[PDB]
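Asker:
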Amino acid sequence: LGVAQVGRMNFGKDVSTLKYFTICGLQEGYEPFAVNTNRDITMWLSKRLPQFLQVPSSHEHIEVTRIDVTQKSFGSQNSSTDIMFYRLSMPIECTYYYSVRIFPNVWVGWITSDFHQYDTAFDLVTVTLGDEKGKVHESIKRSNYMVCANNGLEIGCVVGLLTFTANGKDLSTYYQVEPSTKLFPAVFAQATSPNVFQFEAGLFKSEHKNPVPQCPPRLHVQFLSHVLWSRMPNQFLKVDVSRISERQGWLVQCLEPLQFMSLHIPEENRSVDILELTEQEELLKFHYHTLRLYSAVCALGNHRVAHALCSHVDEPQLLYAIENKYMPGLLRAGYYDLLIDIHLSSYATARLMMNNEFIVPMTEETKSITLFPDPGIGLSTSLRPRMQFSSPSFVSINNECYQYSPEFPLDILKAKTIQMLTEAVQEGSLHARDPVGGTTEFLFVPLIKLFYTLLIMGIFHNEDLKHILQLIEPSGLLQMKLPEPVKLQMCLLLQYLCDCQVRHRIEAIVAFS
Amino acid sequence: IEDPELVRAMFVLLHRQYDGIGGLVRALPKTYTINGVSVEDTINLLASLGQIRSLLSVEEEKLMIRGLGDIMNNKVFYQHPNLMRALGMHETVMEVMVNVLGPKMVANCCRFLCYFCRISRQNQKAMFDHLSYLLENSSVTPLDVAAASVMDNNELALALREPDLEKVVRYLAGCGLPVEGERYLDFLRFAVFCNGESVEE
Amino acid sequence: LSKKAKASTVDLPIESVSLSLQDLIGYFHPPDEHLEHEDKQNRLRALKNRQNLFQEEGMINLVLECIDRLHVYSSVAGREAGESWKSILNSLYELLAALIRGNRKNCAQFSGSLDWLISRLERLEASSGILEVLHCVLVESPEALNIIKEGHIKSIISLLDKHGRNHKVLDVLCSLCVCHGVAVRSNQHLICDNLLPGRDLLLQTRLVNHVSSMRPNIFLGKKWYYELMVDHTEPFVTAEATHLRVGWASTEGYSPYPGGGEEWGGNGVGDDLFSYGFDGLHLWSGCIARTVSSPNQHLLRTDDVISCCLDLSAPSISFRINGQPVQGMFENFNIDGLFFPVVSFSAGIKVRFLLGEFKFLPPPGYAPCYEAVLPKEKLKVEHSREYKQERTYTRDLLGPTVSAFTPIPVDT
Amino acid sequence: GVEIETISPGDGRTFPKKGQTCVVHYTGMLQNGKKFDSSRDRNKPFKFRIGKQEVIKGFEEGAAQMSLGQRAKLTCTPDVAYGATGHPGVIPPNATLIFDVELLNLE
């Protein structure tokens, strides 16, 4: 689109609004984007606000060099040398200093992370003190990008507060105001001549990472030389709001809440919505592997590490991550396996240890089996083990607490998964090319896995198992076309069903005998 | 069909359909019935049994010693030793000790097994069958369970053979410096007398 | 060449050694997947036989000595023939990964020297080989999991802060806490103690409400003054508290995107936005809240009237609730472009603009915003410049922008 | 001795006595703004008894000054918090805790 243009696309599913698809299209051997999709396909517009980025070889000539004081060289002898905003990767929060050495007008300073004002000039917080009586009105704040101007050895000493030097001569403008802010070391520049920058009382990098004696400074590969660049696509925020308005008094109104699922990178501080990992591969794969480690650490019954991770992944997040039909393929299975390995894989193994012991009391309700009403099992008075769940609060009675598991409500989840299964089979039965995780493995595999582990754990009673058998039997998920690792799960779904009759029949024999 | 876990999980499920009575065969020597007045304690047995079994896969030993202490002092552990013979819980503790023997765990382990033989006759017969490995682990107790497996019953006193005894006097030949002979011979006295009359063979 | 200066020693083959390493790598190569199952077993068995026959003569130690020797410099010697020293060394560790990959018998003999490997893990020039060798050790023997102590795990942790985002570190740590079958619960408390509570090496996640703001189409570049009336609150309809912020914003800069840019979106979040209003109404500017007070410490409740103020030809913004002064302190910011009211919300909140049809206001100072709408414009409301418009078929897309009582007279 | 910021006003007059169980919805975060605990997350109102030494001291002290309807931003100093040891996994060593508590019902 251009300057004052209005566009209107339609990605299928508008066959009634498909105006000329009859006279050209259908009989001419073509198709819309309606042939499979029950979602809305997301749109990726380009951004207006710029955001800083790493430096690949995608310039005519830009080359930062990790050298060993311990500097970072450059080069910009090209056709376009207009504006190149530079910053280091990680910032400092709230004693050490920082060097630059320019040959040819060209600035240095500190960027607070809220900065996207690409401008070829000098411009931009300024709030006064309030002591409830007026009467002070002086200052609390200055900062927002700092400005300074052979070898120019300008050095930004910080903390504490903010100062400056210029080849030994400290200039003015000591912005001594930042309460607990984060400070990017940064450089605004034009480049005239090449080899323009070099970077780096004790010395610097100790005040930055986690080892903090570290008086000899030492570069690491995590340091970068980020450049403010213009455009990267954004997701469309597929369902927005149902705001409503008025005119006599202007009642603007909204009542239907919608919630994000964001994650903020801590060392390059910004919050990304989790859906935009769909195309960003490294930030996908590392978070997937972290979701694996959150399960592998809390494995085989560590009932205190589970109480640690319930404060860290925080259950109403998981109920979003089950439900949202847009999340990527790996990250769906990661959150399902994390749910099972936090709340459900402690008790489920404790019931698959006692699946072949079959002991039963001989009292009056045990004799009361009719044995054969002439899987959704009626009375079932065997002596299966006992589940206890603990609330994961934060008080100092934790030694009695951290002994069983964390708890999160089963009554919601066991209707959520039946709703999800019906929505799954009855939609995906007609062979969409959509399905949620991209391929039908991530659609079904970590849904039937939760369904299996919830089936074992002693819920889905008669009133719901009657609803459950309709999805498989009708007498259908068992009858469809399925790949290999989903019917692998269905075999273990069938085996417990066959194994329920044996537990019925043993209690039948005892009720007779 | 590739992914041969799928083939195996298919055919086991297929064979269980056409052999129902075989499935009922391999489930009847595990069942058991108990009177109602003993419902409440065996759950506290069963829930204290799984803490043993879930501790099978790991200073990690203080849980096991308290678990065996809660099992040994239980009301229904004398009362129906067919149950504890059928739940495999002689083999559970045996496997735990075998996992240890690649210090105070073995000592409070084998005392449970020496408690396990002296409650029934058939239970001692069930305990007997690991003796061939069980003799190879003289630490200093792990030999006491080899003793109290053959302590009293004459049929088990007759059943064991000469290679089981030959490695005992091999260990005695190893005592050719001693002090470890006062226990080894304490095994062999149970091997030849066992009631009051010396078994000829 | 470990002497002072030999400088003439010809007994130093390079192209005969750097060739031979690729021949040994190709000799110890694992068989692929695309192979028949009657010969895949043959090639697997032959590979294990080659690994054991190389084990028994101690070639592991014979390459460990070259690793001991070569980790002196960082770029050496006559520095043109030994130009490929990195590409030898990286190819060296690779050979070490091939000799230990299958045989657990190999892995047991590589138990004792792991501490020296994690000592060399801070070399950070051939760490890719070291991490591969360690990961290809830890899954194959359980005995090699017993040596490794807390000082090693903390070094493995510290590599993850020095080196950004390396998923093979988490492929190591996913195997450090679960062996073949068993769970080494001294390592699981340790990993949970170190890597977790810093919230620094890992991508922390959360869920927030969708933010949205509204503009009543009015543009303003004397004492401008507009009111609100809040009538429905919902302090908690989420597993979190809701937001409701009033204020002003400018037009030249900061397209108002929901959540995906700065932290959480909303209002008072950029420098071009000046906002205020809370339960305990303290302000926002540049998404850091300061703690101004008022003599009730109230909510934006169901019974309140907010008095916002903005000054023409003066850089002063101060607010008022029910007429009471709250010591608004927004002073001396930039004057570029215009200003317009923005008031933001995310709840079941309905609120009333008081502009006309006023309900209760003093005018104090001098300007009402019913007179900024004097010449031709009307009082219609929009959704803060609207890169969306929620509808069924097509949210119609847009082009960016094309951009007052003081013009100039024309001279002759 | 602990920082009690009133957010919403309750009734002011009825502060709870010792020997009563107190119902509270509380959402706690760190000094950085990272939310480490909630009570709205699980839809369960917390319950605790004054003086019985189960809760951390700053929480009980800041709840003892509150009232019915009154919600507060308790800012606990790390000496009254988990301290130099912190908590193993959820709380880094020596950090201030910022709770938004809100009391509901008493005994």
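Protein chains in written order, with my numbering: chain A, 1 to 513; chain B, 1 to 201; chain C, 1 to 412; chain D, 1 to 107.
Here a beta-carbon is modelled for each residue, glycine too, at the ideal position from N, C-alpha and C.
1. Can you tell me whether A/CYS215 is buried or exposed? The criterion is at least 16 other CB atoms within 10 Å of its CB, across all chains shown.
2. What's the C-alpha gap between C/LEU35 and C/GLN41?
3. Would you check if there are 3 or more beta carbon pairs closer than 8 angstroms linking the stretch 147 to 155 of chain B to the stretch 105 to 121 of chain B?
4. Using a cut-off of 8 angstroms between C-beta atoms, extract the partners of D/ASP11 located in chain C.
5. Let me confirm a value: A/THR453 is counted as buried when at least 16 other C-beta atoms fall within 10 Å, else exposed. Which label applies?
6. Which residue comes first and which comes last in the beta strand (DSSP E) that contains D/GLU102?
7. From the DSSP output, read off the bridge partner residues of A/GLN248.
8. Since I believe D/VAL24 is in contact with D/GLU61 (beta carbons under 8 angstroms), could you give me their beta-carbon distance rounded to a whole number of angstroms?
9. Looking at C-alpha atoms only, which residue of C/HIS37, C/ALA314, C/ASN49, C/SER344 is the closest neighbour of C/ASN332?
10. Assuming C/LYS48 contacts C/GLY102 (C-beta within less than 8 angstroms), just tell me the rounded distance between them.
11. Candidates A/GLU31, A/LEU224, A/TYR96: which alpha carbon is nearest A/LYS13's?
12. What is the rounded straight-line gap between the Cα of C/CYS192 and the Cα of A/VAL106?
13. Tell me which residue opens and which closes the beta strand (DSSP E) that A/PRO446 is part of.
14. What residues in its chain sit with their C-beta under 8 angstroms from that of C/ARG43, if we drop five residues either side in the sequence?
15. Using the beta-carbon count (16 or more within 10 Å), is A/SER230 buried or exposed?
16. At 7 angstroms on the CB atoms, spell out the chain C contacts of A/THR126, in chain order.
17. For A/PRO217, which residues of its own chain have a beta-carbon under 7 angstroms away from its beta-carbon, when the five flanking residues on both sides are left out?
18. Whole-angstrom Cβ separation of A/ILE23 and A/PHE33, contact assumed at under 8 angstroms?
19. What is the DSSP secondary structure of B/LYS104, counted as helix, strand or coil?
20. Excluding the 5 residues preceding and the 5 following C/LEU114 in the sequence, name in chain order all residues of the same chain whose CB lies nearer than 8 angstroms to its CB.
21. Quick one: using the 10 Å Cβ neighbour count with 16 as the cut-off for buried, is A/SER368 buried or exposed?
22. Out of A/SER295, A/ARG304, A/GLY329, A/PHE358, which has the shortest C-alpha to C-alpha gap to A/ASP337?
23. Output needed for A/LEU1: all residues of its chain with C-beta closer than 6 angstroms, excluding positions within five of it in sequence on either side, in chain order.
24. Going along chain B in order, which residues have a C-beta closer than 9 angstroms to the C-beta of C/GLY181?
25. Just the Cα atoms here: how many angstroms apart are C/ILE100 and A/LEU293?
26. Look at A/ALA121 and A/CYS148 and say whether their C-beta atoms are less than 8 angstroms apart.
27. Using the beta-carbon of each residue, which ones in chain C are nearer than 9 angstroms to B/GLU60?
28. Could one say the Cβ of B/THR31 lies closer than 8 angstroms to chain A's Cβ atoms, at least one of them?
29. Determine which residues of the stretch 395 to 411 of chain A have a Cβ less than 7 angstroms from any Cβ of chain D, and write them out in chain order.
30. With a 10 Å radius around its C-beta and 16 neighbouring C-beta atoms as the bar for buried, classify C/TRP264 as buried or exposed.
31. Could you spell out where the beta strand (DSSP E) holding A/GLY109 opens and where it closes?
32. The beta strand (DSSP E) spanning C/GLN204 covers which residue range?
33. Could you check how far apart the C-beta atoms of C/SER285 and C/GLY268 are, in whole angstroms? I think they sit under 8 angstroms.
34. By a C-beta neighbour count over all protein chains shown, 10 Å radius and 16 as the cutoff for buried, is residue 479 of chain C buried or exposed?
35. Any C-beta of chain C sitting closer than 8 angstroms to the C-beta of A/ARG39?
36. Inspect the CB distances between the stretch 36 to 55 of chain B and the stretch 173 to 189 of chain C and report whether three or more fall short of 8 angstroms.
Answerer: Result, derived from the coordinates:
1. exposed
2. 10 angstroms
3. yes
4. Those do not exist, as D/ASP11 stays about 14 angstroms from chain C at its closest Cβ, beyond 8 angstroms.
5. buried
6. 97 to 105
7. Per DSSP, none; premise fails for A/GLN248.
8. Contact doesn't hold; Cβ gap of about 13 angstroms is too wide.
9. C/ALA314
10. 5 angstroms
11. A/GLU31
12. 47 angstroms
13. No beta strand (DSSP E) holds A/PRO446; the alpha helix (DSSP H) holding it covers 440 to 456.
14. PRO31, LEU35
15. exposed
16. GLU331, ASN332, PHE333
17. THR70, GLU200, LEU203, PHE204, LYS205
18. Between A/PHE33 and A/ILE23 the Cβ distance is about 19 angstroms, and since that is not below 8 angstroms, they are no contact.
19. helix
20. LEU134, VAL137, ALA144, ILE147, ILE148, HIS152
21. exposed
22. A/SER295
23. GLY7
24. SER57
25. 25 angstroms
26. no
27. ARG185, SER186
28. yes
29. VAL395, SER396, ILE397, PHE408
30. buried
31. 109 to 111
32. 204 to 206
33. 6 angstroms
34. Residue 479 of chain C cannot be examined here, being either before or after the span of chain C that is shown, 1 to 412.
35. no
36. no
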